[PDB]
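The next block is run33.tsv, given as TSV, N, CA, C and O atoms.
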```tsv
chain	number	residue	atom	x	y	z
A	1	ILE	N	-10.70	-3.13	-3.53
A	1	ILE	CA	-10.27	-2.30	-2.37
A	1	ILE	C	-11.49	-1.77	-1.61
A	1	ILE	O	-12.61	-1.93	-2.04
A	2	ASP	N	-11.26	-1.14	-0.50
A	2	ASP	CA	-12.39	-0.59	0.30
A	2	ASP	C	-11.89	0.52	1.23
A	2	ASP	O	-10.70	0.68	1.43
A	3	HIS	N	-12.78	1.29	1.79
A	3	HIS	CA	-12.34	2.39	2.70
A	3	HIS	C	-12.49	1.96	4.16
A	3	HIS	O	-13.57	1.64	4.62
A	4	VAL	N	-11.41	1.95	4.90
A	4	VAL	CA	-11.50	1.54	6.33
A	4	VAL	C	-10.28	2.07	7.10
A	4	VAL	O	-9.16	1.90	6.68
A	5	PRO	N	-10.56	2.70	8.21
A	5	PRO	CA	-9.47	3.26	9.06
A	5	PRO	C	-8.72	2.14	9.79
A	5	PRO	O	-8.63	2.14	11.00
A	6	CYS	N	-8.18	1.20	9.07
A	6	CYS	CA	-7.44	0.09	9.73
A	6	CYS	C	-8.34	-0.63	10.73
A	6	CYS	O	-9.35	-0.11	11.17
A	7	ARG	N	-7.99	-1.84	11.10
A	7	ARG	CA	-8.83	-2.59	12.07
A	7	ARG	C	-8.30	-2.39	13.49
A	7	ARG	O	-7.96	-3.33	14.18
A	8	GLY	N	-8.22	-1.17	13.94
A	8	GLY	CA	-7.71	-0.90	15.31
A	8	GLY	C	-6.19	-0.94	15.31
A	8	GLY	O	-5.54	-0.67	16.30
A	9	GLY	N	-5.60	-1.27	14.19
A	9	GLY	CA	-4.11	-1.33	14.12
A	9	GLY	C	-3.65	-2.79	14.16
A	9	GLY	O	-2.60	-3.10	14.68
A	10	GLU	N	-4.43	-3.68	13.61
A	10	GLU	CA	-4.03	-5.12	13.61
A	10	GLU	C	-4.81	-5.89	12.54
A	10	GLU	O	-5.25	-7.00	12.76
A	11	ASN	N	-4.97	-5.31	11.38
A	11	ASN	CA	-5.72	-6.01	10.30
A	11	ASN	C	-5.97	-5.06	9.12
A	11	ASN	O	-5.23	-4.12	8.90
A	12	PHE	N	-7.01	-5.30	8.37
A	12	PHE	CA	-7.30	-4.41	7.21
A	12	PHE	C	-6.02	-4.12	6.43
A	12	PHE	O	-4.99	-4.72	6.67
A	13	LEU	N	-6.06	-3.21	5.49
A	13	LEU	CA	-4.84	-2.89	4.70
A	13	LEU	C	-4.35	-1.49	5.04
A	13	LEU	O	-5.10	-0.53	5.02
A	14	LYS	N	-3.08	-1.34	5.33
A	14	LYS	CA	-2.54	0.00	5.67
A	14	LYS	C	-1.31	0.30	4.82
A	14	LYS	O	-0.40	-0.50	4.73
A	15	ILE	N	-1.26	1.45	4.20
A	15	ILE	CA	-0.07	1.79	3.37
A	15	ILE	C	0.48	3.16	3.76
A	15	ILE	O	-0.26	4.10	3.94
A	16	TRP	N	1.77	3.28	3.85
A	16	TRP	CA	2.36	4.60	4.20
A	16	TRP	C	2.72	5.35	2.93
A	16	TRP	O	3.64	4.99	2.22
A	17	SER	N	1.99	6.39	2.64
A	17	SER	CA	2.27	7.17	1.41
A	17	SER	C	2.84	8.55	1.78
A	17	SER	O	2.25	9.29	2.54
A	18	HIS	N	3.98	8.90	1.24
A	18	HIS	CA	4.58	10.23	1.56
A	18	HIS	C	4.66	11.08	0.29
A	18	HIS	O	5.19	10.66	-0.72
A	19	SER	N	4.15	12.28	0.33
A	19	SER	CA	4.21	13.16	-0.87
A	19	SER	C	3.49	14.48	-0.61
A	19	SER	O	2.77	14.63	0.36
A	20	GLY	N	3.68	15.45	-1.47
A	20	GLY	CA	3.01	16.77	-1.28
A	20	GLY	C	3.07	17.17	0.20
A	20	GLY	O	4.13	17.37	0.76
A	21	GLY	N	1.93	17.31	0.82
A	21	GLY	CA	1.90	17.72	2.26
A	21	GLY	C	3.00	16.97	3.03
A	21	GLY	O	4.14	17.40	3.07
A	22	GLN	N	2.67	15.87	3.64
A	22	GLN	CA	3.69	15.11	4.41
A	22	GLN	C	3.39	13.61	4.35
A	22	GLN	O	2.57	13.16	3.58
A	23	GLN	N	4.06	12.83	5.16
A	23	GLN	CA	3.82	11.36	5.15
A	23	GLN	C	2.44	11.04	5.72
A	23	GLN	O	1.89	11.79	6.51
A	24	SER	N	1.87	9.94	5.32
A	24	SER	CA	0.52	9.56	5.84
A	24	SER	C	0.18	8.13	5.38
A	24	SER	O	0.30	7.80	4.22
A	25	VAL	N	-0.24	7.29	6.29
A	25	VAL	CA	-0.57	5.89	5.88
A	25	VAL	C	-2.04	5.78	5.49
A	25	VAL	O	-2.93	6.07	6.27
A	26	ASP	N	-2.31	5.33	4.30
A	26	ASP	CA	-3.72	5.17	3.85
A	26	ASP	C	-4.22	3.78	4.22
A	26	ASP	O	-3.47	2.82	4.18
A	27	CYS	N	-5.46	3.65	4.60
A	27	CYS	CA	-5.97	2.30	4.99
A	27	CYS	C	-7.27	1.97	4.24
A	27	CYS	O	-8.27	2.64	4.39
A	28	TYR	N	-7.25	0.93	3.45
A	28	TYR	CA	-8.48	0.54	2.71
A	28	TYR	C	-8.86	-0.90	3.08
A	28	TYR	O	-8.40	-1.43	4.07
A	29	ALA	N	-9.71	-1.52	2.31
A	29	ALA	CA	-10.11	-2.91	2.67
A	29	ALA	C	-10.31	-3.79	1.43
A	29	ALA	O	-10.47	-3.31	0.32
A	30	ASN	N	-10.33	-5.08	1.63
A	30	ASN	CA	-10.54	-6.04	0.51
A	30	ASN	C	-9.41	-6.00	-0.50
A	30	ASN	O	-8.33	-5.51	-0.24
A	31	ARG	N	-9.66	-6.52	-1.66
A	31	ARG	CA	-8.63	-6.54	-2.73
A	31	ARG	C	-9.10	-5.73	-3.93
A	31	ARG	O	-10.27	-5.49	-4.12
A	32	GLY	N	-8.18	-5.29	-4.74
A	32	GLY	CA	-8.56	-4.48	-5.93
A	32	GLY	C	-7.52	-3.39	-6.16
A	32	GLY	O	-6.63	-3.19	-5.35
A	33	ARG	N	-7.60	-2.70	-7.26
A	33	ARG	CA	-6.60	-1.63	-7.54
A	33	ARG	C	-7.19	-0.24	-7.27
A	33	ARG	O	-8.31	0.05	-7.65
A	34	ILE	N	-6.45	0.61	-6.63
A	34	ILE	CA	-6.95	1.98	-6.33
A	34	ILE	C	-5.87	3.02	-6.64
A	34	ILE	O	-4.84	3.06	-6.00
A	35	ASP	N	-6.09	3.86	-7.61
A	35	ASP	CA	-5.07	4.89	-7.95
A	35	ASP	C	-4.51	5.52	-6.68
A	35	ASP	O	-5.24	5.82	-5.75
A	36	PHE	N	-3.22	5.71	-6.61
A	36	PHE	CA	-2.62	6.31	-5.39
A	36	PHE	C	-2.34	7.80	-5.62
A	36	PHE	O	-2.55	8.62	-4.75
A	37	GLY	N	-1.88	8.16	-6.79
A	37	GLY	CA	-1.60	9.60	-7.06
A	37	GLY	C	-0.29	9.73	-7.84
A	37	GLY	O	0.08	10.81	-8.27
A	38	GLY	N	0.42	8.65	-8.03
A	38	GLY	CA	1.71	8.73	-8.78
A	38	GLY	C	2.82	9.21	-7.84
A	38	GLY	O	3.87	9.64	-8.28
A	39	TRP	N	2.59	9.15	-6.56
A	39	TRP	CA	3.62	9.61	-5.58
A	39	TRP	C	3.05	9.58	-4.17
A	39	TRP	O	2.61	10.59	-3.65
A	40	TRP	N	3.04	8.44	-3.54
A	40	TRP	CA	2.48	8.36	-2.16
A	40	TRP	C	2.96	7.10	-1.44
A	40	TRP	O	2.19	6.19	-1.19
A	41	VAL	N	4.21	7.03	-1.10
A	41	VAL	CA	4.72	5.82	-0.38
A	41	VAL	C	5.66	6.20	0.77
A	41	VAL	O	6.17	7.30	0.85
A	42	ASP	N	5.87	5.27	1.65
A	42	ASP	CA	6.77	5.50	2.82
A	42	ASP	C	6.74	4.25	3.71
A	42	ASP	O	7.41	4.17	4.72
A	43	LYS	N	5.97	3.27	3.30
A	43	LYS	CA	5.85	1.98	4.05
A	43	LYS	C	4.51	1.34	3.69
A	43	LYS	O	3.62	1.99	3.20
A	44	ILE	N	4.36	0.07	3.94
A	44	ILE	CA	3.06	-0.58	3.60
A	44	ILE	C	2.77	-1.73	4.58
A	44	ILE	O	3.63	-2.53	4.88
A	45	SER	N	1.55	-1.81	5.06
A	45	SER	CA	1.20	-2.91	6.00
A	45	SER	C	0.09	-3.77	5.40
A	45	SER	O	-1.06	-3.68	5.78
A	46	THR	N	0.44	-4.62	4.47
A	46	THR	CA	-0.58	-5.51	3.84
A	46	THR	C	-0.78	-6.74	4.72
A	46	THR	O	-0.48	-7.84	4.34
A	47	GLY	N	-1.27	-6.55	5.91
A	47	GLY	CA	-1.48	-7.71	6.82
A	47	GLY	C	-2.88	-8.28	6.66
A	47	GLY	O	-3.62	-8.40	7.62
A	48	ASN	N	-3.25	-8.66	5.47
A	48	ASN	CA	-4.61	-9.25	5.26
A	48	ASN	C	-4.97	-9.30	3.76
A	48	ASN	O	-6.08	-9.66	3.40
A	49	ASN	N	-4.07	-8.94	2.89
A	49	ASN	CA	-4.39	-8.96	1.42
A	49	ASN	C	-3.13	-8.96	0.57
A	49	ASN	O	-2.15	-8.32	0.90
A	50	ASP	N	-3.15	-9.63	-0.55
A	50	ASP	CA	-1.97	-9.61	-1.44
A	50	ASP	C	-1.99	-8.28	-2.18
A	50	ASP	O	-2.59	-8.14	-3.22
A	51	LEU	N	-1.39	-7.28	-1.60
A	51	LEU	CA	-1.44	-5.93	-2.22
A	51	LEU	C	-0.38	-5.73	-3.30
A	51	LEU	O	0.77	-6.06	-3.13
A	52	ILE	N	-0.77	-5.11	-4.38
A	52	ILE	CA	0.20	-4.80	-5.44
A	52	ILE	C	0.19	-3.30	-5.67
A	52	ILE	O	-0.81	-2.72	-6.05
A	53	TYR	N	1.29	-2.66	-5.47
A	53	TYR	CA	1.32	-1.19	-5.71
A	53	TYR	C	2.38	-0.84	-6.75
A	53	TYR	O	3.56	-0.99	-6.53
A	54	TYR	N	1.95	-0.39	-7.90
A	54	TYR	CA	2.92	-0.04	-8.97
A	54	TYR	C	3.81	1.11	-8.49
A	54	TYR	O	3.43	2.26	-8.52
A	55	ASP	N	4.99	0.80	-8.03
A	55	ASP	CA	5.89	1.88	-7.53
A	55	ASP	C	6.38	2.76	-8.69
A	55	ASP	O	6.07	2.50	-9.84
A	56	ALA	N	7.12	3.79	-8.40
A	56	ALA	CA	7.62	4.70	-9.48
A	56	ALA	C	7.96	3.90	-10.75
A	56	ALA	O	7.85	4.39	-11.85
A	57	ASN	N	8.37	2.67	-10.59
A	57	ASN	CA	8.72	1.83	-11.77
A	57	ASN	C	7.49	1.09	-12.25
A	57	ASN	O	7.59	0.05	-12.87
A	58	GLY	N	6.32	1.56	-11.92
A	58	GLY	CA	5.12	0.79	-12.31
A	58	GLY	C	5.41	-0.63	-11.86
A	58	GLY	O	4.98	-1.60	-12.44
A	59	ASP	N	6.19	-0.73	-10.82
A	59	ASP	CA	6.60	-2.03	-10.27
A	59	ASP	C	5.46	-2.63	-9.47
A	59	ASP	O	5.40	-2.48	-8.27
A	60	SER	N	4.55	-3.29	-10.12
A	60	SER	CA	3.41	-3.88	-9.38
A	60	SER	C	3.93	-4.65	-8.17
A	60	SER	O	4.12	-5.85	-8.21
A	61	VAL	N	4.18	-3.95	-7.10
A	61	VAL	CA	4.70	-4.62	-5.88
A	61	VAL	C	3.58	-5.40	-5.22
A	61	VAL	O	2.84	-4.88	-4.41
A	62	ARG	N	3.45	-6.62	-5.59
A	62	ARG	CA	2.37	-7.45	-5.03
A	62	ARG	C	2.79	-8.15	-3.75
A	62	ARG	O	3.33	-9.24	-3.77
A	63	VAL	N	2.51	-7.56	-2.62
A	63	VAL	CA	2.85	-8.23	-1.34
A	63	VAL	C	1.74	-9.25	-1.08
A	63	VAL	O	0.61	-9.05	-1.48
A	64	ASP	N	2.04	-10.33	-0.43
A	64	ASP	CA	0.97	-11.32	-0.19
A	64	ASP	C	0.46	-11.20	1.23
A	64	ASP	O	0.77	-11.99	2.09
A	65	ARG	N	-0.32	-10.19	1.47
A	65	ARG	CA	-0.89	-9.95	2.82
A	65	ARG	C	0.15	-10.19	3.92
A	65	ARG	O	1.28	-10.56	3.66
A	66	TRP	N	-0.24	-9.97	5.15
A	66	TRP	CA	0.70	-10.16	6.29
A	66	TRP	C	2.14	-9.84	5.87
A	66	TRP	O	3.03	-10.67	5.96
A	67	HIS	N	2.37	-8.64	5.41
A	67	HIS	CA	3.75	-8.25	4.98
A	67	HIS	C	3.93	-6.73	5.07
A	67	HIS	O	3.09	-5.97	4.62
A	68	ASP	N	5.01	-6.28	5.65
A	68	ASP	CA	5.25	-4.81	5.77
A	68	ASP	C	6.44	-4.39	4.90
A	68	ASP	O	7.58	-4.67	5.23
A	69	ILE	N	6.19	-3.73	3.81
A	69	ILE	CA	7.31	-3.30	2.92
A	69	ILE	C	7.30	-1.77	2.79
A	69	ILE	O	6.30	-1.13	3.01
A	70	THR	N	8.41	-1.19	2.42
A	70	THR	CA	8.45	0.30	2.28
A	70	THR	C	9.27	0.71	1.05
A	70	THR	O	9.58	-0.10	0.20
A	71	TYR	N	9.60	1.97	0.95
A	71	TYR	CA	10.38	2.45	-0.22
A	71	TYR	C	11.32	3.58	0.18
A	71	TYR	O	11.39	4.59	-0.49
A	72	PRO	N	12.02	3.37	1.26
A	72	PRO	CA	12.97	4.40	1.76
A	72	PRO	C	14.21	4.44	0.86
A	72	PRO	O	15.12	5.22	1.07
A	73	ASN	N	14.25	3.61	-0.15
A	73	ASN	CA	15.43	3.61	-1.07
A	73	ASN	C	14.97	3.32	-2.50
A	73	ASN	O	15.29	4.03	-3.43
A	74	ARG	N	14.20	2.28	-2.68
A	74	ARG	CA	13.71	1.93	-4.05
A	74	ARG	C	13.00	3.14	-4.67
A	74	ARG	O	12.97	4.21	-4.08
A	75	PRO	N	12.45	2.95	-5.84
A	75	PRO	CA	11.74	4.05	-6.54
A	75	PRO	C	10.45	4.40	-5.79
A	75	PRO	O	9.49	3.65	-5.80
A	76	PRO	N	10.48	5.54	-5.14
A	76	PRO	CA	9.32	6.00	-4.36
A	76	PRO	C	8.35	6.81	-5.22
A	76	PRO	O	8.56	7.98	-5.48
A	77	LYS	N	7.28	6.20	-5.64
A	77	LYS	CA	6.27	6.92	-6.47
A	77	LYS	C	5.18	5.94	-6.90
A	77	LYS	O	4.96	5.71	-8.07
A	78	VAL	N	4.50	5.36	-5.96
A	78	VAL	CA	3.43	4.38	-6.29
A	78	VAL	C	2.37	5.04	-7.17
A	78	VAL	O	1.77	6.03	-6.80
A	79	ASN	N	2.12	4.49	-8.32
A	79	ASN	CA	1.09	5.08	-9.22
A	79	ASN	C	-0.30	4.56	-8.83
A	79	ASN	O	-1.31	5.10	-9.23
A	80	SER	N	-0.35	3.50	-8.06
A	80	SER	CA	-1.68	2.96	-7.65
A	80	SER	C	-1.52	1.64	-6.89
A	80	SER	O	-0.44	1.06	-6.85
A	81	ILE	N	-2.58	1.14	-6.32
A	81	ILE	CA	-2.50	-0.14	-5.57
A	81	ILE	C	-3.28	-1.20	-6.32
A	81	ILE	O	-3.92	-0.93	-7.32
A	82	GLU	N	-3.25	-2.39	-5.83
A	82	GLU	CA	-4.00	-3.47	-6.49
A	82	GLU	C	-3.88	-4.75	-5.67
A	82	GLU	O	-3.17	-5.66	-6.02
A	83	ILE	N	-4.60	-4.82	-4.59
A	83	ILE	CA	-4.55	-6.05	-3.75
A	83	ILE	C	-5.36	-7.14	-4.44
A	83	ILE	O	-6.34	-6.86	-5.09
A	84	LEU	N	-4.98	-8.36	-4.29
A	84	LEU	CA	-5.77	-9.43	-4.93
A	84	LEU	C	-5.84	-10.66	-4.03
A	84	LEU	O	-6.35	-11.67	-4.49
```
Represent the structure contained in this file as structure tokens.
Amino acid sequence: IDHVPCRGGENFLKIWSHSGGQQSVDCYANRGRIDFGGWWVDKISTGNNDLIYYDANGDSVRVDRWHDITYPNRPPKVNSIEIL
């Protein structure tokens, strides 16, 4: 993974994490696993990496880049990410 404020809104990795304070999309870069906090989801924009985020079910949600998924119903509680 890496730290990057999205690529202008059309690349890099962007994830919508909602918890504690309020909703907020985190944006990193490359592939790898990065602890999320055990509760930080609301949508995901993996448009450049096969991202895997262990949702509340430790459900390694491995999206294969170029994919926007969320958790407005499923178990909302990503324990961490892991793009590969």
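When only C-alpha atoms are used to compute distances to residue A:7, the closest of the residues A:65, A:19, A:29, A:40 turns out to be A:29.
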Find the residues around residue A:68 up to 9 Å (only C-alpha atoms counted), leave out those fewer than 5 positions away in its own chain, and share them as a PDB file with N, CA, C and O atoms, in the coordinates of the input.
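Result file follows (part31.pdb):
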```pdb
ATOM      1  N   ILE A  15      -1.260   1.450   4.200  1.00  0.00           N
ATOM      2  CA  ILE A  15      -0.070   1.790   3.370  1.00  0.00           C
ATOM      3  C   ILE A  15       0.480   3.160   3.760  1.00  0.00           C
ATOM      4  O   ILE A  15      -0.260   4.100   3.940  1.00  0.00           O
ATOM      5  N   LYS A  43       5.970   3.270   3.300  1.00  0.00           N
ATOM      6  CA  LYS A  43       5.850   1.980   4.050  1.00  0.00           C
ATOM      7  C   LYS A  43       4.510   1.340   3.690  1.00  0.00           C
ATOM      8  O   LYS A  43       3.620   1.990   3.200  1.00  0.00           O
ATOM      9  N   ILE A  44       4.360   0.070   3.940  1.00  0.00           N
ATOM     10  CA  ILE A  44       3.060  -0.580   3.600  1.00  0.00           C
ATOM     11  C   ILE A  44       2.770  -1.730   4.580  1.00  0.00           C
ATOM     12  O   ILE A  44       3.630  -2.530   4.880  1.00  0.00           O
ATOM     13  N   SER A  45       1.550  -1.810   5.060  1.00  0.00           N
ATOM     14  CA  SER A  45       1.200  -2.910   6.000  1.00  0.00           C
ATOM     15  C   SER A  45       0.090  -3.770   5.400  1.00  0.00           C
ATOM     16  O   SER A  45      -1.060  -3.680   5.780  1.00  0.00           O
ATOM     17  N   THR A  46       0.440  -4.620   4.470  1.00  0.00           N
ATOM     18  CA  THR A  46      -0.580  -5.510   3.840  1.00  0.00           C
ATOM     19  C   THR A  46      -0.780  -6.740   4.720  1.00  0.00           C
ATOM     20  O   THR A  46      -0.480  -7.840   4.340  1.00  0.00           O
ATOM     21  N   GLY A  47      -1.270  -6.550   5.910  1.00  0.00           N
ATOM     22  CA  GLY A  47      -1.480  -7.710   6.820  1.00  0.00           C
ATOM     23  C   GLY A  47      -2.880  -8.280   6.660  1.00  0.00           C
ATOM     24  O   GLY A  47      -3.620  -8.400   7.620  1.00  0.00           O
ATOM     25  N   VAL A  63       2.510  -7.560  -2.620  1.00  0.00           N
ATOM     26  CA  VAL A  63       2.850  -8.230  -1.340  1.00  0.00           C
ATOM     27  C   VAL A  63       1.740  -9.250  -1.080  1.00  0.00           C
ATOM     28  O   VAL A  63       0.610  -9.050  -1.480  1.00  0.00           O
TER      29      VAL A  63
END
```
**Prompt:** Using only N, CA, C and O atoms, which residues sit within 4.5 Å of stretch 69-77 of chain A once same-chain residues fewer than 4 positions away are excluded, as a PyMOL selection string?
**Reply:** chain A and resi 38-39+43-44+54-56
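With distances restricted to only C-alpha atoms, A:59 is the closest residue to residue A:78 from A:10, A:59, A:26, A:50.
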**Request:** One decimal, Å: what's the distance from atom O of residue A:3 over to atom N of residue A:31, could you say?
**Result:** 11.0 Å
**Message:** I'd like to know which residues of chain A are strand (DSSP E or B) (by DSSP, run on the backbone); could you write them as a ChimeraX atom specification?
**Reply:** /A:3,13-18,23-28,32,35,41-45,52-55,59-62,68-69,80,83
I need the chosen residues saved as a compact mmCIF listing (two decimals), in the coordinates of the input, with N, CA, C and O atoms.
```txt
# COMPACT_ATOMS: atom_id res chain seq x y z
N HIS A 3 -12.78 1.29 1.79
CA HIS A 3 -12.34 2.39 2.70
C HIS A 3 -12.49 1.96 4.16
O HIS A 3 -13.57 1.64 4.62
N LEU A 13 -6.06 -3.21 5.49
CA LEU A 13 -4.84 -2.89 4.70
C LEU A 13 -4.35 -1.49 5.04
O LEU A 13 -5.10 -0.53 5.02
N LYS A 14 -3.08 -1.34 5.33
CA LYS A 14 -2.54 0.00 5.67
C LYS A 14 -1.31 0.30 4.82
O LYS A 14 -0.40 -0.50 4.73
N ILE A 15 -1.26 1.45 4.20
CA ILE A 15 -0.07 1.79 3.37
C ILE A 15 0.48 3.16 3.76
O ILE A 15 -0.26 4.10 3.94
N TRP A 16 1.77 3.28 3.85
CA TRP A 16 2.36 4.60 4.20
C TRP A 16 2.72 5.35 2.93
O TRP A 16 3.64 4.99 2.22
N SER A 17 1.99 6.39 2.64
CA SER A 17 2.27 7.17 1.41
C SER A 17 2.84 8.55 1.78
O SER A 17 2.25 9.29 2.54
N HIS A 18 3.98 8.90 1.24
CA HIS A 18 4.58 10.23 1.56
C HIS A 18 4.66 11.08 0.29
O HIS A 18 5.19 10.66 -0.72
N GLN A 23 4.06 12.83 5.16
CA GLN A 23 3.82 11.36 5.15
C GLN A 23 2.44 11.04 5.72
O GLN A 23 1.89 11.79 6.51
N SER A 24 1.87 9.94 5.32
CA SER A 24 0.52 9.56 5.84
C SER A 24 0.18 8.13 5.38
O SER A 24 0.30 7.80 4.22
N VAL A 25 -0.24 7.29 6.29
CA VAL A 25 -0.57 5.89 5.88
C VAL A 25 -2.04 5.78 5.49
O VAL A 25 -2.93 6.07 6.27
N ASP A 26 -2.31 5.33 4.30
CA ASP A 26 -3.72 5.17 3.85
C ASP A 26 -4.22 3.78 4.22
O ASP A 26 -3.47 2.82 4.18
N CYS A 27 -5.46 3.65 4.60
CA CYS A 27 -5.97 2.30 4.99
C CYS A 27 -7.27 1.97 4.24
O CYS A 27 -8.27 2.64 4.39
N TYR A 28 -7.25 0.93 3.45
CA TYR A 28 -8.48 0.54 2.71
C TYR A 28 -8.86 -0.90 3.08
O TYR A 28 -8.40 -1.43 4.07
N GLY A 32 -8.18 -5.29 -4.74
CA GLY A 32 -8.56 -4.48 -5.93
C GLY A 32 -7.52 -3.39 -6.16
O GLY A 32 -6.63 -3.19 -5.35
N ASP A 35 -6.09 3.86 -7.61
CA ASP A 35 -5.07 4.89 -7.95
C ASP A 35 -4.51 5.52 -6.68
O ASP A 35 -5.24 5.82 -5.75
N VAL A 41 4.21 7.03 -1.10
CA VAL A 41 4.72 5.82 -0.38
C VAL A 41 5.66 6.20 0.77
O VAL A 41 6.17 7.30 0.85
N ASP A 42 5.87 5.27 1.65
CA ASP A 42 6.77 5.50 2.82
C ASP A 42 6.74 4.25 3.71
O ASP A 42 7.41 4.17 4.72
N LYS A 43 5.97 3.27 3.30
CA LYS A 43 5.85 1.98 4.05
C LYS A 43 4.51 1.34 3.69
O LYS A 43 3.62 1.99 3.20
N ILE A 44 4.36 0.07 3.94
CA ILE A 44 3.06 -0.58 3.60
C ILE A 44 2.77 -1.73 4.58
O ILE A 44 3.63 -2.53 4.88
N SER A 45 1.55 -1.81 5.06
CA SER A 45 1.20 -2.91 6.00
C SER A 45 0.09 -3.77 5.40
O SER A 45 -1.06 -3.68 5.78
N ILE A 52 -0.77 -5.11 -4.38
CA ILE A 52 0.20 -4.80 -5.44
C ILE A 52 0.19 -3.30 -5.67
O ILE A 52 -0.81 -2.72 -6.05
N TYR A 53 1.29 -2.66 -5.47
CA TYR A 53 1.32 -1.19 -5.71
C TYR A 53 2.38 -0.84 -6.75
O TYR A 53 3.56 -0.99 -6.53
N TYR A 54 1.95 -0.39 -7.90
CA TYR A 54 2.92 -0.04 -8.97
C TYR A 54 3.81 1.11 -8.49
O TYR A 54 3.43 2.26 -8.52
N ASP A 55 4.99 0.80 -8.03
CA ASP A 55 5.89 1.88 -7.53
C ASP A 55 6.38 2.76 -8.69
O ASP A 55 6.07 2.50 -9.84
N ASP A 59 6.19 -0.73 -10.82
CA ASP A 59 6.60 -2.03 -10.27
C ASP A 59 5.46 -2.63 -9.47
O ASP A 59 5.40 -2.48 -8.27
N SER A 60 4.55 -3.29 -10.12
CA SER A 60 3.41 -3.88 -9.38
C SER A 60 3.93 -4.65 -8.17
O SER A 60 4.12 -5.85 -8.21
N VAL A 61 4.18 -3.95 -7.10
CA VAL A 61 4.70 -4.62 -5.88
C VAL A 61 3.58 -5.40 -5.22
O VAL A 61 2.84 -4.88 -4.41
N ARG A 62 3.45 -6.62 -5.59
CA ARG A 62 2.37 -7.45 -5.03
C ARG A 62 2.79 -8.15 -3.75
O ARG A 62 3.33 -9.24 -3.77
N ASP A 68 5.01 -6.28 5.65
CA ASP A 68 5.25 -4.81 5.77
C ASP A 68 6.44 -4.39 4.90
O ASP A 68 7.58 -4.67 5.23
N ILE A 69 6.19 -3.73 3.81
CA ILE A 69 7.31 -3.30 2.92
C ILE A 69 7.30 -1.77 2.79
O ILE A 69 6.30 -1.13 3.01
N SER A 80 -0.35 3.50 -8.06
CA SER A 80 -1.68 2.96 -7.65
C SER A 80 -1.52 1.64 -6.89
O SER A 80 -0.44 1.06 -6.85
N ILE A 83 -4.60 -4.82 -4.59
CA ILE A 83 -4.55 -6.05 -3.75
C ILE A 83 -5.36 -7.14 -4.44
O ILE A 83 -6.34 -6.86 -5.09
```
**Among listed residues A:35, A:30, A:84, A:25, nearest residue A:52 (using all atoms listed in the file)** = A:84
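With all atoms listed in the file as the basis for measurement, A:17 is the residue among A:17, A:60, A:24, A:11 that approaches residue A:41 most closely.
Going from atom CA of residue A:13 over to atom CA of residue A:28, you cover 5.4 Å.
Of the listed residues (A:37, A:79, A:2, A:23), A:2 comes nearest to residue A:49; the distances count only C-alpha atoms.
Nearest residue to residue A:61 among A:33, A:27, A:8, A:83 is A:83, counting all atoms listed in the file.
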**Message:** Please compute the atom CA of residue A:81-atom N of residue A:36 distance, one decimal, in Å.
**Reply:** 6.0 Å
